[PDB]
Amino acid sequence: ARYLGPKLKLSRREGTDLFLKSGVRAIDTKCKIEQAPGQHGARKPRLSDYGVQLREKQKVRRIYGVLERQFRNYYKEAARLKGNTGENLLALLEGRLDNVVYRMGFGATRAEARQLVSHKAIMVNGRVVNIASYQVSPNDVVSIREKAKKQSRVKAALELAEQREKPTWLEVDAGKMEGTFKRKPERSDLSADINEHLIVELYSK
Amino acid sequence: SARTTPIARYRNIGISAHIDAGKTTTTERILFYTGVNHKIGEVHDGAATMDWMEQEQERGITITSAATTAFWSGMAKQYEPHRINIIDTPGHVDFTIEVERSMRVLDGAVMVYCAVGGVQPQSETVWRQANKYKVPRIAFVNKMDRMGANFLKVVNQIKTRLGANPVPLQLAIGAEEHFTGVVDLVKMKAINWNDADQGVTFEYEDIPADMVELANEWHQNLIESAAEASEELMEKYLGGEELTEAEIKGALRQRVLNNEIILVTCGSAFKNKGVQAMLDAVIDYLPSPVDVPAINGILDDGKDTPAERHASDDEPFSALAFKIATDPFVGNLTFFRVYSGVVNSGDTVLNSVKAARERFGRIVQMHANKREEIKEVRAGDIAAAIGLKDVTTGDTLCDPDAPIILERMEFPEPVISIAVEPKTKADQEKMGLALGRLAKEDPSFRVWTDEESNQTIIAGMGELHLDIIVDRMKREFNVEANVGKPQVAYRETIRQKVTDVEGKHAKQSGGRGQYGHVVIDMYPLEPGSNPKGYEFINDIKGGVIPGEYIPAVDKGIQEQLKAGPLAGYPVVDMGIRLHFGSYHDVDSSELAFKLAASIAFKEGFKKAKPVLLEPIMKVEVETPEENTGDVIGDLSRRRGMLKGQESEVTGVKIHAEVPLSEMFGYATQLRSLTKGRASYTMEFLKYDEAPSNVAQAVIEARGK
Amino acid sequence: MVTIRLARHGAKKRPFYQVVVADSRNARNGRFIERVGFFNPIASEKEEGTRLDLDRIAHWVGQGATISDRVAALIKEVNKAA
Amino acid sequence: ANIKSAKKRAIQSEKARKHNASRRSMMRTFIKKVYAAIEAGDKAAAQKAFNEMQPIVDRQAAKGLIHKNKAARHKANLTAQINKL
RNA sequence: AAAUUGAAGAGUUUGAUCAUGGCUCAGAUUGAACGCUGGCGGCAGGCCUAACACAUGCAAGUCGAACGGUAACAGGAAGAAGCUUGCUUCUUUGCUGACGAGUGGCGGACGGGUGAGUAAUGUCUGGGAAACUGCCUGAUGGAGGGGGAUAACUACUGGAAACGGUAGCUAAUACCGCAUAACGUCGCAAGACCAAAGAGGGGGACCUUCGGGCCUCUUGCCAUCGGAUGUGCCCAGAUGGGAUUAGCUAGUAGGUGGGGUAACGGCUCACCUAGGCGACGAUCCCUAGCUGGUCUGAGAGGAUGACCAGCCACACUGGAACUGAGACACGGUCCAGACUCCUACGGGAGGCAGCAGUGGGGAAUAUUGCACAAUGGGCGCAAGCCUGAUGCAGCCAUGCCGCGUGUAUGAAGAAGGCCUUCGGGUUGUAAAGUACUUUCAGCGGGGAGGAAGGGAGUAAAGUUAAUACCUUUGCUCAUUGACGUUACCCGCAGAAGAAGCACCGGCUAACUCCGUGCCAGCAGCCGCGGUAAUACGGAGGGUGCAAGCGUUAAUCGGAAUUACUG
Ligand SMILES: Nc1nc2c(ncn2[C@@H]2O[C@H](COP(=O)(O)OP(=O)(O)OP(=O)(O)O)[C@@H](O)[C@H]2O)c(=O)[nH]1
Ligand SMILES: [Mg+2]
Ligand SMILES: [Mg+2]
Ligand SMILES: [Mg+2]
Ligand SMILES: [Mg+2]
Ligand SMILES: [Mg+2]
Ligand SMILES: [Mg+2]
Ligand SMILES: [Mg+2]
Ligand SMILES: [Mg+2]
Ligand SMILES: [Mg+2]
Ligand SMILES: [Mg+2]
Ligand SMILES: [Mg+2]
Ligand SMILES: [Mg+2]
Ligand SMILES: [Mg+2]
Ligand SMILES: [Mg+2]
Ligand SMILES: [Mg+2]
Ligand SMILES: [Mg+2]
Ligand SMILES: [Mg+2]
C-alpha cells in the first residue's frame, strides 16, 4: 500500500523536484534530475498527449503519495462535488492529514509525516488519529502528543519549514507545537506547475 | 454421567487363529449366550453377524476386524456382569495388518485352535504378532466334535511347535461323537451341555472313572504351575495343605499377565459346547485395562522424554487410533481404544503425531456394523469416531493440555503387485480417488503410479487381498476395473559397430524445401563411459556440415534414443560419430537434419545387432529348511541364476537375480511351495540381455 | 395482531432498531405497516439516540395495537425524561 | 407422524371428522326432507319440515359447523319455494 | 440554500486517396473461475450446475391458573426404629414442590427454504363491490338448568418391531339437548328460530351436611354492532420471442331458473338464444417467476432480477380431501408411482428446494460451531420453556474500504550485475554506515458498550366489607453477555516478522544485450521469427498496478454498427 523503493527515481522521471527529500542538501548534488532513470534515461523521447496526461497524474500522485485506487476515489469525489473538478481534487489531496502535517512543518517529508501520523503521534482536536488519509475540516486543531513532543525529528522539521515558504491557510505554533487548519486553500495558494486539467482529461478516456 | 461398569470389570479380549479355526463361530455363540443376538447364524450359511461385509457373507471368510461387546456374569452368575469388548480378527495371511492393528490395543487375547490340526501356518504368525506386543493370551481348542479330535496332542503341539508353557484347565469328556461336555480341573466337576437347547443349559455332574484317573494326573500339573508364581506358594505346595480355589485362580492369573502360561481350554462352537466355560476363563484370567500402564515415551517436545498414563478417568485423556474404515456417508470412521481420561462427543483433542486440532463429531459404540451413538467414552473401552479429518492408524489422540505420543507401530510392507485399469477408462480419477481412500484405510496396501508405463500399481499382502480390494472398488465405488501384468521397463542396445550409414532427407518441390544429409557411425558403448549412455562425436572437419546444424543431428539421435526403432523401449549405451554429411545452403534447417539423422539412425539400428535388455532384480527369499530345494527349483523355473544360500537357525536364506517378468506373482507361488511360511525381497540390480524367445515375445505384442 | 416492535437494522455489533408497526405474523425486518420511530442503543452522548412519534403510536393503541417490552420501555423513558 | 404435536392433531382431526360428518349428514338429511316435500306437491308437510329444519341449521351455524350465510341461504331459498306452491 | 454540471478515439481493404463497410482494441462491471503471489483489519458476499439422491444430529412446541390423575424425584404426616435421641432408615399417605404418559386449549397455515411450474387462478400501476377474518381492540348485553360418553386407568391378550385387540371404571373450559333471544338470521307481514364454560387469588363476621356456600378481585366463556389487521374477488392499462403459427372456441358466448360459495360469477346443472375471440396478433410453439431494484450508457436506451425487501408459486412425483378463523398443509392425513430403510419374512417406516453435512454433477461456492445475552415468534397470569428465525463465531483475498511491510541522513557515486563507439554510463541515496520511530503482528496489564428487563423486599395510590389478594407508581437489595482473551487504552523488545503480478513494435506508459534463425515460438488486431529480432526465450533496465496482479468467461459502452433522440 506504500512505495518503498528509491525516491529520487520518481523525481527524475517527472523531471521536477517532488519534495521527496528534506532539502537540507541541494537536489542537483544528489541526483541527475534532468536525466530519466535507467539505461536509456539520457534519450528524452517525444511523449504523446496520453503520455503527458499520464505523467501529470503520476506526478501529482507521487507528490501526494497516493496509490491509484485511493486517487481514483479522490477523482470521483471531486467530480461528485460542485464547482471545479480539478480544483476540488487538489483541495481533497491537501486535506489529507499527512499533507497537513507536512505543510504545517511537523514532517520534513510527507513520508516521514505519514510515519508520524501512523505511529499515534498526532492529535486532531485532542483525539489521536492514526490514518494518513484523514480529511481535515476547516477550523480544526492539529497537535503533537505529549509523548513525542521532545523529539529531534519534529524540531528539525520545523527548522526546515521555517526555511521555506509559509502556507496562508494554516497557523502554526512551535512553542506548543500545535496548529490550526483555517480553510480549504484556493487554486492560487498551492503550486502552479500542476496542470490539474490534465488529470480530469486523463480520467475521461 | 457416572461409570456404568467398573474399569476392573472390563475385558478387551480378541480372537486370532489360522483360517477356519472357528473364530467367528465362537463370537457368534458368545453373543447368543450373552443375549446380544436372539438366534444363531452359521458362517458358511452367510448368517454370522461378525462377517457383516459382503464378500464375507458370499466368500465365507472374515476380511475386516469387527468389534462388539457383551456382558457375561459367569455360568452360575458368580460375579457381577463383566463387559467384554470381543474382537474377531481375520486369520488369513492376506490380512495380517488387520491382526496387528487389533493387537496393538488389545489387553487380552485368546488363541483358538482346531482340535484335529492344532498349530497351522498362520497359528504361528498370530502367535508372533501377539508376543510382539506381549499380549496375555488364553487358548480355546475348538472343533472337539471333529473326526480325529485330539486335545492332549494339540496342547503338546503348541508347546513343541511354538515354544510355550500351556497348562489345561479343562479335559475333554469325549471325542467326535462322545463330546457331551468337558471336565473342569479347578473344580473336579463335569459340565455336560444339554443337546435339546442350543447349549444354554449346562448340567453339573461327577467325573467318570477313566476320566477320573486322567484328570487327577493333570490336576496336580495345574497346581505346580500355579505354585511356580511365588515362593510363598512354593512353600505352600511342599507344605501339604492343599490350596484354596481362590489362590489357584489368583496365581494362574498372575502368571498369565506376565506371558508365562497359556491356560488351554477346549470346546466345540459349531455344536454349541464349551463356549460358556471359555467366557468364564476370560473373566477369571484375562487382564483388566488397569494392569499395565501405557508408557508414552514422547512428551511432544522434540526432545524425546518418557512419560506414562495409568488407566483411570481422572488422568489426562489419551487414546490410540488403530483402525480407519471408509464410509459412503461420513467419509471415514476411526476406531480407538481409550487408555486414560474421559472425552466427550464434541470435545477437541490433539492428533499428536500430525500435531493438529481434532474435534469429535460424534462417538458411536460399535456392533458388527451398526452403531449406537453414545455421549462420552471412559478409559478402557473401544469406540469409533466420526469427523476426524486426518487420522492414520497408530496415531494417538490426547487432550492438548497433556500432549503425549504413543508407540506408532510399523506395517508389513506389501508383497505382491498388479497393474489395474478401468473398464471404460473414463472412470480414471474416480479410481484414483477410490484407491486413495482405500489406501488410507489399509496401511499394508500401497497404491502408486509409474510414469514409465503410465500405469497404476496396486500392492498388497496376497492375491486374495488384491481380489478383495478390486471387488470392493467395484461395489462400493462403482469403478469396474480390469487388472493385469505390470509392464516391465526394458531398454535396447546394439553391437557390431555399424559404420558409414548415410541418411538423407530431401523435400524440395519448389518454395522453401527442406534438405539434410548425414553419414554417422553407431558403436556399442561400455556402461561406465558416460553418466548417460550416449556420446556424439563431431568428426565433421572443415565444413561439410555447418556448426549451427551440428547440434541438430545430436538432438535427433536423442529423440530416437527415447523411443527405440525395435518396439518402443529406450535405446541405451549408444556412441554416435558424425564423420561426414551434406548441407544445402538455402534448404538446411534444424528439422531437416533431425529427419536426416533419424533416417540414418533407423537404417543403422537394423544393420547393427539390436537386442533387448530386461531388468534383473536381486531376490532374497527366506524359507523353512525342510522345503529348501523346492524353492530353488521354482527359481530355476523362473529363469533365474543363483549366487548363494545361507542356512540360519531360523530358516534358509537363498539369494538370486530373477528377471522382473518372471517375478510376477511370486508370493502366492512361494506360499504354495512352503505352506505359506516363506517370505522374500526384491531389489532392482541391473539390466541384462534377454534370451531369444522372450525377446521375440515382447516384439510381437508391442509391434501389433 | 398488529404490534409495535423493533426491526434490527444497522451493522454487525452496531444495531439500529426501527420502531415499526406491523402484524406479528410477519418477520422482524420484513413487512411493516408504518415506521413510527427509531432507537439507537450505541448513541454517542451528544446527539439523539431515541425518537418516537407518540401521536401515531397512541393512535395505533387506540386501534388496538400491542407494544412490545423494549418499545414500552422506550416510551416510558421518553415520557419520563421529556 | 414425526412431531408429537402432529400425531395428536391427526387423531383429533379424525375424531372431529367423524363428529362433523354425522352432524353434516343430519343437517343435510333434514334439508332434503324439505325439498322432497316441495317436489311432491305438499304445503303443510313442507312447512312442518321447514320448522323441523330451521333450528337444526341455526345450531349448526352457531356452534361452528357451517357459516351463518350458508344457513341463511338455505332458509331463504326454501321460503321462496314455499311461496311458489 | 442542495438534490444530478454532461458526450474523446485508435488500428486494419489501396501504388497512394476519399468514402462506405465489417472486424479488433483502449472503459466500466461481476454471487465469478483459473495461473502466480499473499501481512493485518473492518464491512459485505459465498452451489449461478443435478427441483440430483440423501446417512446422522437439530429445525414446534407450550399450558397443572382446563381435567382425571401419579410415573419419576423433592418435601410434609402415620411410621418400625437405621438407631449414634437426633445420626434421621423402611413402609403407606397426591398430603404439595411439581410433573412422565393421557384428555383438552392454543400454536403447528408463522418463521425458514427453492424458483420447478407459470406469458397469466401471476406481477406492477390505478380503481371497484358482491365478502370473510383466530389472536388485538370499542360499545351493548348474557353467563340458567341437566344429561350421555370416552381417553388415561384396571384385568386379560396378539405382536420381532410398528403397533394394538378385548372386557369394565372415571373427569373437564371435550361433547349433547333443554331454559333464555335481540339492535342477530329468515320471512315486506304477523311470526318462527338461534349461544355459553368456567377457572384461580384473598377474605370480615355470618351460614353450613364441614366439602363448602358467602363477599370481593383477576382471568376465561357466549351473542350482536363496530374498529384495526389479514385475505378472497372484479375491472382497465402495462408486463418475452416466433406469422417458416391465421383462424380459434360449444360451458364455448349470452339469457332464464335451480343448486353452490364467506362472497359476485358457467362456479355448477337443466332449458333457450348462437354467440364469443382474432393482424390493436386470437390460437399454437419456444422461453421465462414478477417487482422495488442492479449493471452499463452523457442521455435516450440496452442488459439483468445475485444479496435485501414486497408479491406469487412449489414441498419425492401424481391426485384428493380432512381439521381449522386461516391449508387443499416443508418437518399433518389418505391413495397411486418410483426410490430407500427395517424385519423373527408374518410385516413395517421415510421424504434436507430448514440448519449443518455426505455422495454425485461442475470451472466453482464454506462448519455435521456457540447462545437464546439482545431483537422478534409460539405457549403460559407469570416465572419460564421452545426457537438451525435471529445474534454471533469458524472457512474463503470473493468484493469493497483502511493500514502496514519503515523514517531521516548517506558518495568511496563501494562491490557485483548490465551496457559500452572502452573514456565511461547505469543499477543508484539505491546498498552499507550513521541517527530516529514502533503503526500492524508478538508479549503482558487495564477495560467500556450491546442490559432493556426480570426476581426478592418495601412505601404510596386504586380496589373492596377489609389496613388481605390484585394493578399501578417510586425506593432498596443481589443479579441476567453466546460473542469474549470484545472494542478500546497502557507498557516491553527490536527495523525487528511482512511484496508480488503483468507489461515495454503500433494501438498504449516503458529499450537494450545475449541465444534462437519462418525453428522454437508469440499474438486482442495489424502482424513478428530466414543470422544486427526494441514483437520469440533469458538477462539488465524501465513502465503500470499493488496484497494483489494477470487470463478467461459474461453484460453494456465505444457501435450514429437497427440511427426515438441519431
Ligand atoms: N465340526 C465343527 N465345525 C466348525 C466349528 N467351528 C467352526 N466350524 C466351521 O468352520 C468354519 C468356521 O470357521 P470360522 O471361525 O468362521 O473362520 P474364522 O476362524 O472365523 O477366521 P477367517 O476365516 O480368517 O475369517 C465354518 O464352516 C464352521 O461351521 C466346530 O467347532 N466344529
Ligand atoms: Mg487496497
Ligand atoms: Mg480345513
Ligand atoms: Mg472357505
Ligand atoms: Mg473369521
Ligand atoms: Mg439453485
Ligand atoms: Mg382456532
Ligand atoms: Mg335455544
Ligand atoms: Mg423455469
Ligand atoms: Mg452512447
Ligand atoms: Mg406443517
Ligand atoms: Mg424436510
Ligand atoms: Mg442443507
Ligand atoms: Mg427441541
Ligand atoms: Mg561496477
Ligand atoms: Mg498489537
Ligand atoms: Mg453492559
Ligand atoms: Mg447503440
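Atoms considered below: every heavy atom in the structure, side chains included; atoms not considered: hydrogens, waters and symmetry mates. In what follows, every chain begins at residue 1, and chains take the letters A, B, ... in the order their sequences are listed.
Counting any heavy atom pair closer than 4.0 Å across all strands shown, C:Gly30 reaches sugar-phosphate atoms only and no base atom. Residue contacts shown for A:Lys57 are limited to sugar-phosphate atoms, with no base heavy atom under 4.0 Å away. When heavy atoms are screened at a 4.0 angstrom cut-off, A:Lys205 is found touching base atoms of the nucleic acid. The residue D:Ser5 sits close to a base: some heavy atom pair falls under 4.0 Å. Counting non-hydrogen atoms under 4.0 angstrom, B:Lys389 reaches nothing in the nucleic acid. Note on A:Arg2: a base of the nucleic acid sits closer than 4.0 angstrom, heavy atoms only. If you check every strand for non-hydrogen atoms under 4.0 Å, C:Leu6 touches sugar and phosphate atoms only.
Pairing between E:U30 and E:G211: absent (Watson-Crick or G-U wobble, both distances under 3.5 Å). A canonical Watson-Crick pair (purine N1 to pyrimidine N3 plus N6-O4 or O6-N4) or a G-U wobble (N1-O2 and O6-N3), each contact under 3.5 Å, is absent between E:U421 and E:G115. Base pair annotation for E:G97 with E:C355: unpaired, by the Watson-Crick or G-U wobble rule (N1-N3 plus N6-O4 or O6-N4, or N1-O2 plus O6-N3, under 3.5 Å).
We find that A:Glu34 and A:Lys44 are not joined by a salt bridge, their nearest charged nitrogen and carboxylate oxygen being 4.0 Å or further apart. Under the 4.0 Å criterion applied to side-chain N and carboxylate O atoms, B:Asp327 and B:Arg371 are assigned as salt-bridge partners.
When Watson-Crick and G-U wobble pairs are counted only if both distances are under 3.5 Å, E:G326 pairs with no nucleotide at all. Shown here, E:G297 forms no base pair; nothing in the strands shown gives a Watson-Crick or G-U wobble contact with both key distances under 3.5 Å. Pairing for E:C90 is absent, with no Watson-Crick or G-U wobble pair whose two atom distances lie under 3.5 Å. Across all strands shown, the partner of E:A253 is E:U273, judged by Watson-Crick or G-U wobble contacts whose two distances both fall under 3.5 Å.
Close to E:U429, at under 4.0 Å from its OP1 or OP2, lies no side-chain N or O of A:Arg25. Residue D:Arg17 has no polar side-chain atom (N or O) positioned under 4.0 Å from OP1 or OP2 of E:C334. Under 4.0 angstrom from either OP1 or OP2 of E:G326 there lies no side-chain N or O belonging to C:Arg25. The side chain of D:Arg73 places no N or O atom within less than 4.0 Å of a non-bridging phosphate oxygen (OP1 or OP2) of E:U185.
Relative to the side chain of D:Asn77, the nucleotides E:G259, E:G177, E:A408 differ in distance, and E:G259 lies closest. Distance from the side chain of D:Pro55 is smallest for E:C193 among the nucleotides E:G544, E:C193, E:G540. Counting only heavy atoms from C-beta on, D:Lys8 has its side chain closest to E:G104 among E:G104, E:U185, E:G351.
In this structure, NZ of B:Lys39 is placed 6 Å from P of E:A344, rounded to the nearest angstrom. Between the CZ atom of C:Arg5 and the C1' atom of E:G376 there is a distance of 6 Å, given to the nearest Å. Rounded to whole Å, the distance from CD1 on D:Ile11 to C1' on E:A174 is 14 Å.
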* Structure fact -> In B/S/- notation (B base, S sugar-phosphate only, - none; protein heavy atoms under 4.0 Å), nucleotides 435-451 of chain E written 5' to 3' is -SBSBS--------SBS

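On a pure distance criterion of 3.5 Å, no polar donor-acceptor pair joins the side chain of A:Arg114 and the base of E:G404. Side-chain atoms of D:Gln54 and base atoms of E:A192 include a donor and an acceptor less than 3.5 Å apart.
A south sugar is assigned to E:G115: the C1'-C2'-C3'-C4' torsion is negative, on the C2'-endo side.
Because its glycosidic torsion is more than 90° from 0, E:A325 is reported here as anti.
Nucleotides E:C156 and E:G147, compared at atom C1', are 32 Å apart to the nearest Å.
Both stacking criteria are satisfied for B:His38 over the base of E:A344: a centre-to-centre distance under 5.5 angstrom and an angle between ring planes under 30 degrees.
In this pair, A:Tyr203 and A:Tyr75 present their aromatic rings tilted. The plane angle is within the 30 to 60° band.
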